[PDB]
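We begin with a single chain expressed as structure tokens, specifically the form deposited in one PDB entry.
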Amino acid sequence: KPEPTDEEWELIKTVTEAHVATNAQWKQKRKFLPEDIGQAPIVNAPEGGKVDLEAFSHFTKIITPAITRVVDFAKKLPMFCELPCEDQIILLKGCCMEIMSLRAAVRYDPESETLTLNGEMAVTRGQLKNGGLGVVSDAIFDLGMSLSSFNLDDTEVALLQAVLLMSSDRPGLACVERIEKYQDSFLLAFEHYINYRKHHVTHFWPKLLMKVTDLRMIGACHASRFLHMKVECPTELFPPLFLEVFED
């Protein structure tokens, strides 16, 4: 089962660096969002039905740095830098929430039941759900839980992000064929890396590939949450980079 060629190892170092350079620290230094913030001590109705404005405002406080790390990750890929600006824009819009969600999910902590967003803010499922994500909180927690057994490393996470980045079916793309070829290149190196890694579970490759489909739906589902957030939250709490990536 082939292992990475030399050129593939080089692509691997490029993507791995791009990712670790934009993925600050994570255990220790992590502060918990105060337990009062977006959680009733005793839950009496299904959660996530209206946006808790206080929780929401704490999340939007760290969302600018969060989005910029995704943007800096992409800009360190020599393949992304060959695309024209309009395709760059559309691909960042398409994959932003998919990569953010992946990252948060790999920071799942089984003992506290928390995700640590940005490597700095630990949140529970209720707090993330109530502060705007609704059911997307479940999808990210659940994905986080199911990913522990995959034992992902930096390279594997980086590679998934580049697969997600290079999706040629975002609406509006001009360089559809070039983007798919880059995706295929990333995917071929990825599979070869997985062949080298030898995780001890059957059909690991297709099992891991499936997570790309899940992260796609999470992104689609969040696009609906953004709309509900737009109607329920006052405008002043939406940072301009938040609006720029998730609008339109």
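Here, rigid core means the biggest group of C-alpha atoms that superpose within 1.5 Å across both forms. For every residue, the number given is its place in the sequence shown, counted from 1. Residues that one form lacks are left out of the comparison.
Beyond the structure shown, there is the form solved in complex with a partner chain, which is absent from this document and is the topic of what follows.
Participant: Just checking whether residue 157 would be counted as a contact of the partner chain in the deposited bound form - the rule being heavy atoms within 4.5 angstroms.
Facilitator: It does not: once the partner chain is placed as it appears in the deposited bound form, residue 157 has no heavy atom within 4.5 Å of it.
Participant: Does the partner chain get within 4.5 angstroms of any non-hydrogen atom of residue 174 in the deposited bound form?
Facilitator: Close contact is absent here: in the deposited bound form, residue 174 is far from the partner chain, nothing within 4.5 Å, heavy atoms only.
Participant: Is residue 104 close enough to touch the partner chain in the deposited bound form, meaning at least one heavy atom pair within 4.5 Å?
Facilitator: Outside the cut-off, so no.
Participant: Would you please decide whether residue 121 lies within 4.5 angstroms of the partner chain in the deposited bound form, comparing each non-hydrogen atom pair?
Facilitator: No - in the deposited bound form, heavy atoms of residue 121 and the partner chain never come within 4.5 Å of each other.
Participant: Just list the residue ranges, at least 3 long, where Cα displacement is 2 Å or more throughout between the shown form and the other one after aligning on the core.
Facilitator: After superposing the rigid core, the shifted stretches between the shown form and the other one are 227-230, 233-237.
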